[PDB]
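Residue numbers for the sequence shown follow our numbering, so the first one is 4 and each next one is one higher.
A virtual CB, placed ideally from N, CA and C, is assigned to each residue, including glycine.
Working notes for the structure below.
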Amino acid sequence: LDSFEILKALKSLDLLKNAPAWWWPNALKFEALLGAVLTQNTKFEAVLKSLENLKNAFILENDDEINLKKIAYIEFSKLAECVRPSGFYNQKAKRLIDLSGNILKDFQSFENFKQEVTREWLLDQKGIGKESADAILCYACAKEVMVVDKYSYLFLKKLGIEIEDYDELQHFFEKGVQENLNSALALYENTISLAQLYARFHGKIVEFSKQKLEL
Ligand SMILES: c1cn2cnc3[nH]cnc3c2n1
């Protein structure tokens, strides 16, 4: 049992029929990074509300470079109010503002950030965990990184393989793909990237998990 076998089996379930191409809505945009941070320790449904708040308040509009600067310079207590629904809202506002200000400071623009960010840089941002860091890397920056989480741990454990450590679990999941790269890609069309494959693969596990299915 490896992650390629799991991908094929999950894929044949058609779990993403209703999803966008990268699973995460508004993938590859600033909003994906905001979601990746806001989703920590909460339900994604709640994250969607925070983003709705941000949009309804015209804090987030159509230009991501403007959006980045808006979040970096927004009054703490206003942002904190906005992201109430996803909980831990004072911590997350501070986290987002510091992150956004540090992106500007180190990378000048969100565009350049998407190109130059590393996991270690993200991990040096106070409050950003591996999962969030990785979700930013994959779902906001199109990097070849597969997010893992509690879902993936529990999903694998049920299939008979237990990997508690975040990095080893992720390596287990990435390596089965890497090892069968051409055959994994061939499941699609040779249309999509490996980053998108990971984006979708993690999506499948999440969806599989919410739907309460058996492999
Ligand atoms: C449905 C779509 N989703 C996108 N991104 C997420 N991050 C965590 N859960 C989700 C999710 N559920």
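- With a cutoff of 6 Å, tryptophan 27 counts as near ligand 1, since its C-beta is closer than that to a heavy atom of the ligand.
- Counting of Cβ neighbours within 10 angstroms places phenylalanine 116 among the buried residues, the total reaching 16 or more.
- Judged by the Cβ position, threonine 45 fails to qualify as a neighbour of ligand 1 at the 6 Å threshold, every heavy atom of the ligand being at least this far.
- Put simply, the region 205-218 does not touch the region 37-45. Fewer than three CB pairs are less than 8 Å apart.
- Taking a C-beta distance under 7 Å as the contact criterion, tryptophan 25 and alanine 202 qualify as a contact pair.
- Shortest gap from the CB of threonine 42 to any heavy atom of ligand 1: under 6 Å.
- Around the CB of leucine 140, 16 or more other CB atoms lie within 10 Å, so the residue is classed as buried.
- Here the C-alpha atom of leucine 51 lies approximately 12 Å from the C-alpha atom of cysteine 85.
- Close CB contacts of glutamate 177 within its chain, under the 6 Å cut and outside five residues either way in sequence, are with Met149 (chain order).
- Three or more Cβ pairs drawn from the region 100-114 and the region 65-80 lie within less than 8 Å of each other, which places the two stretches in contact.
- Comparing alpha-carbon positions, the option among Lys58, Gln43, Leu18 lying closest to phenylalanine 33 turns out to be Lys58.
- Under the 10 Å beta carbon count, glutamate 134 is surrounded by 16 or more other beta carbons and is classified as buried.
- By the beta-carbon neighbour count (other beta carbons within 10 angstroms, threshold 16), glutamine 173 is buried.
- For the set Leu184, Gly90, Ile131, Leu63, the Cα lying nearest the Cα of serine 6 is the one of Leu184.
- In this structure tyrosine 169 touches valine 151 by the C-beta definition: roughly 6 Å separates them, less than 8 Å.
- Assigned with DSSP and collapsed to three states, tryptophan 26 falls in coil, not helix or strand.
- Note on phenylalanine 175: 16 or more other CB atoms within 10 angstroms of its CB, so buried under the neighbour-count rule.
- Here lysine 153 is actually not in contact with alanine 198; their C-beta atoms are around 23 Å apart, not less than 8 Å.
- The beta-carbon distance between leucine 218 and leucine 162, rounded to whole angstroms, is 6 Å. This is short enough to meet the 8 Å contact definition.
- Inter-segment contact for the region 95-105 and the region 60-68 is absent: fewer than three beta-carbon pairs are separated by less than 8 Å.
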